[PDB]
Amino acid sequence: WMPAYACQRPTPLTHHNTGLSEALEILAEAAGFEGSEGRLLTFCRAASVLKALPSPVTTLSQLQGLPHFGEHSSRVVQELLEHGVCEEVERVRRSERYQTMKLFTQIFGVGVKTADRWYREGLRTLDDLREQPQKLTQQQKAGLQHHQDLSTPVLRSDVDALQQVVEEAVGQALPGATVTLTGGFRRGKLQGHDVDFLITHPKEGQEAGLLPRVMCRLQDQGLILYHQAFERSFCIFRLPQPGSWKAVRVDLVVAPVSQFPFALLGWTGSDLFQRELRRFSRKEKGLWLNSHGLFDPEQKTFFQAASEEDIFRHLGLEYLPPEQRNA
DNA sequence: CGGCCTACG
DNA sequence: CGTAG
DNA sequence: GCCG
Ligand SMILES: [Mn+2]
Ligand SMILES: [Mn+2]
Ligand SMILES: [Mn+2]
Ligand SMILES: [Mn+2]
Ligand SMILES: [Mn+2]
Ligand SMILES: [Mn+2]
Ligand SMILES: [Mn+2]
Ligand SMILES: [Mn+2]
Ligand SMILES: [Mn+2]
């Protein structure tokens, strides 16, 4: 019944098994902190299966036959159903290691390997890092400086204001260029950790050199707190608010129009949906997918797509709109 | 046994 | 390494 | 951790 790849099934934003999926996602995050991407992926995939089910799981029997449920994930669910808590999950939650790794990796510019080195050196708080600025890259310094604002959910009103100023700068940089909201907001999320935008021009090649021109125009309007030929810019914007301002993470991506459906698909996510789609493409169809194209390595040709629908069709998949890609 | 997405900055 | 979805 |  339930397909094994997340790209083969609809996953809505609101689902019926949050308690169970949240517990499995804690274990997935902890697996990542200990350097096991494989265990992280299994726990994420198991959590995602539960998000696609039509009803609450109330009895362990309802897991039988589900993909990515084996002995470990099933026992977590059984303990949650039988007792309301999973001892392993609670032990991870309360551990100093998990809490500190979560704190550090949430900083823009810090991943697991950096966080783990700092943990091993005895560092535990954001003030600990601030007291040792020479150990920070420029990106990390920006992430730490703006950490409180970046921990505030981004709202739709923020998205709408940012889209206007990005459209203004893009139109000043290149007439006819377009701006498309991507990321979680395109999947219907009401909040986010950032705003993602994809920029193109209908005439192939006209977008060459665009992103530096857009960045210069935003900087001159005082809108940029942090950035840095390029085609992806992971920015922090100074977003005006009533009487003040707040820092907001914004990702700006430029693609030629030939690549636009592939970039739109990749940048709309979810992260797990796209990893699963790329895995499906290669392992089941023999085709190589990324945000630039879909390559047949035996004919040595790229699939020409005019839409996301075209890509799903070439992969033999039922089309899913963005709001059903919340894997 | 090994794979686990696949790029850019 | 970091970033992205 | 699960699976091809
Ligand atoms: Mn439902
Ligand atoms: Mn186990
Ligand atoms: Mn028990
Ligand atoms: Mn980080
Ligand atoms: Mn986003
Ligand atoms: Mn490129
Ligand atoms: Mn093995
Ligand atoms: Mn993301
Ligand atoms: Mn293992």
Side-chain angles (χ1 to χ4, degrees), chain A residues 4-7 24 27-28 30-32 34-49 63 66-70 72-77 88 104-112 114-118 136-137 139-143 150 180-187 189 192-198 211-212 215 226-227 229-236 249-255 259 262-284 287-295 308 322 325-327:
Chain A
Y5 289 88
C7 57
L24 292 165
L27 299 186
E34 302 316 295
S36 176
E37 192 77 1
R39 292 192 293 118
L40 175 151
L41 275 171
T42 282
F43 285 132
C44 282
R45 289 168 182 163
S48 190
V49 162
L63 301 182
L66 292 180
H68 310 295
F69 277 87
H72 198 136
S73 302
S74 299
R75 163 180 85 249
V76 170
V77 167
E88 186 187 5
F104 288 170
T105 58
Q106 284 178 158
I107 303 162
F108 174 68
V110 180
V112 167
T114 300
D116 169 71
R117 178 174 75 249
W118 292 343
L136 310 172
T137 63
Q139 187 183 58
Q140 288 159 0
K141 286 183 152 123
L150 298 189
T180 302
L181 178 66
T182 65
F185 287 105
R186 183 170 179 249
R187 302 198 304 279
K189 285 186 83 186
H193 100 283
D194 78 339
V195 191
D196 309 285
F197 291 112
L198 175 61
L211 190 52
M215 294 301 320
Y226 167 85
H227 78 114
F230 54 99
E231 58 198 50
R232 302 170 183 186
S233 180
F234 317 117
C235 302
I236 304 178
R249 278 271 298 110
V250 178
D251 291 335
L252 307 177
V253 181
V254 174
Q259 296 174 15
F262 301 97
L264 182 61
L265 178 64
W267 283 89
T268 298
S270 72
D271 55 350
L272 182 62
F273 188 96
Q274 291 301 312
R275 295 167 79 145
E276 292 274 290
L277 184 66
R278 292 172 185 198
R279 192 172 61 102
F280 177 90
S281 178
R282 184 188 285 269
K283 301 300 184 179
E284 304 302 325
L287 300 178
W288 304 348
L289 177 69
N290 65 17
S291 77
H292 287 62
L294 181 61
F295 185 69
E308 297 179 310
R325 304 182 198 158
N326 287 294

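Sequence lines set the chain letters: A, B, ... in the order given, protein chains first and strands last, and positions in each chain run from 1.
- OP1 or OP2 of D/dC2 sits under 4.0 Å from a side-chain N or O of A/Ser73.
- Within the 4.0 Å cut-off from OP1 or OP2 of C/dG2, at least one side-chain nitrogen or oxygen of A/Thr114 is found.
- Using a 4.0 Å heavy-atom distance criterion, A/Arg187 is classed as a sugar-phosphate-only contact.
- As rounded to whole Å, 17 Å separates atom P of D/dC2 from atom OH of A/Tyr5.
- A/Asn290 pairs by the side-chain hydrogen bond (donor to acceptor under 3.5 Å, both in side chains) definition with nothing, not counting sequence neighbours.
- A search for side-chain hydrogen bond (donor to acceptor under 3.5 Å, both in side chains) contacts involving A/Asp196 returns nothing, not counting sequence neighbours.
- In this structure, A/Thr182 reaches neither bases nor backbone, as no heavy-atom distance under 4.0 Å exists between it and the strands shown.
- Evaluation of the ring pair (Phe, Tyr, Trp, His ring centres under 6.0 Å) rule for A/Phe104 yields A/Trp118 as partners, not counting sequence neighbours.
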Protein-nucleic acid N or O pairs under 3.5 Å, nucleotides 1-4 of chain B:
| from | atom 1 | to | atom 2 | distance (Å) |
| --- | --- | --- | --- | --- |
| B/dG3 | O3' | A/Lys283 | NZ | 3.4 |
| B/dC4 | OP1 | A/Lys283 | NZ | 2.8 |

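- Nucleic acid contact for A/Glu276: none, since no nucleic acid atom lies under 4.0 Å from a heavy atom of the residue.
- Here B/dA7 is the nucleotide among C/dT3, C/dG5, B/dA7 with the atom lying nearest to any side-chain atom of A/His292.
- Residues satisfying the side-chain hydrogen bond (donor to acceptor under 3.5 Å, both in side chains) criterion with A/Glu34, sequence neighbours excluded, are A/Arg97.
- Side-chain nitrogen and oxygen atoms of A/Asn290 include none within less than 4.0 Å of the OP1 or OP2 phosphate oxygen of B/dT6.
- Using a 4.0 Å heavy-atom criterion, one finds that A/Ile107 contacts the sugar-phosphate atoms exclusively.
- Atom CG of A/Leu287 is separated from atom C1' of B/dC5 by 15 Å (rounded to the nearest Å).
- In this structure, the nucleotide among D/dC2, C/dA4, B/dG9 sitting nearest to the side chain of A/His193 is C/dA4.
- In this structure, A/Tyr226 atom OH and B/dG9 atom P are separated by 12 Å, rounded to whole Å.
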Residues 37-45 of chain A, side-chain donor-acceptor partners within the protein, below 3.5 Å, at least two apart:
| from | atom 1 | to | atom 2 | distance (Å) |
| --- | --- | --- | --- | --- |
| A/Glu37 | OE2 | A/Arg275 | NH1 | 3.1 |
| A/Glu37 | OE2 | A/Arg275 | NH2 | 2.8 |
| A/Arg45 | NE | A/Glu276 | OE2 | 3.1 |

